[PDB]
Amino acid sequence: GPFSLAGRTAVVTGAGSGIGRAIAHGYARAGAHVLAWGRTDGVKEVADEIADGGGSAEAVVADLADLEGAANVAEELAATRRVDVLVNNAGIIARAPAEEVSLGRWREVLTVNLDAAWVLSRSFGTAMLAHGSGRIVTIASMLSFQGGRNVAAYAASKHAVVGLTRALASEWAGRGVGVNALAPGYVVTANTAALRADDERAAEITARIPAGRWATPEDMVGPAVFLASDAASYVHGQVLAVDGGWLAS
């Protein structure tokens, strides 16, 4: 089908839990061979889950905070395999008023959210250019469009990956590489645990989401498959928000 990922090989970062894990499973169900990339061996679980369900997968363990090491691993893979799809999902958020953010903490967020996404995009994207086709989907955020509260480095980094998306689409679309972003709204995962623990804040958020409910990681799967599939072949340099109407509120 036009929505099929049969015959593709997809790398999905931060595949150990949350949105990444759901996308890894979803891609496998869609027919892709999945490289689940994670920071710890716990991603081997996911690879096993996929296998035990009839799917095709394997684990990659490499800490994206280590850019040099990440680049080595990605280049190895890009050369060793025909990777058709990259999903830049790994990300971290640090909540603290701007005045209190140390340079170290600012850089830590930017390293994983932006720099690593760049390193992987460059590595796998360069091989995609050589094969005449590929897709790269980066997980963005509501904070790719808005400032939020107490997450300045996060907001900067999430705006940044949208710039990276547009730049790479501009340069690479004509050579068969489709680069886009998927911006989740408010999703029930570990990254929002502290947020949801604040009853008042969580109620404020919920009241504002037009759909009236937070997302599950599964809500991100349909759109992630779409963006990696033939069905999105003329879609380039876009950010598709999956946010229950948040950006319209």
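All residue numbers refer to positions in the sequence shown, first residue = 1.
- Judged by mean Cα B factor in the deposited record, 17-25 ranks above the other of 17-25 and 223-231.
- On average the C-alpha atoms of 69-77 have higher B-factors than those of the other stretch, with 69-77 and 105-113 being the two compared.
- Across the options 217, 185, 212, 42, the residue with the most elevated CA B-factor in the record is 42.
- The PDB entry gives the largest Cα B-factor of the residues 135, 166, 159, 82 to 82.
- Residue-level temperature factors show residue 178 in the lowest third of its chain, judged at the C-alpha atom.
- Per the deposited record, the Cα B-factor of residue 140 falls in the lowest third when ranked against the other modelled residues of its chain.
- In the deposited entry, the Cα temperature factor of residue 153 places it in the lowest third of its chain's modelled residues.
- Split the chain's modelled residues into thirds by C-alpha temperature factor. Residue 87 is in the lowest one.
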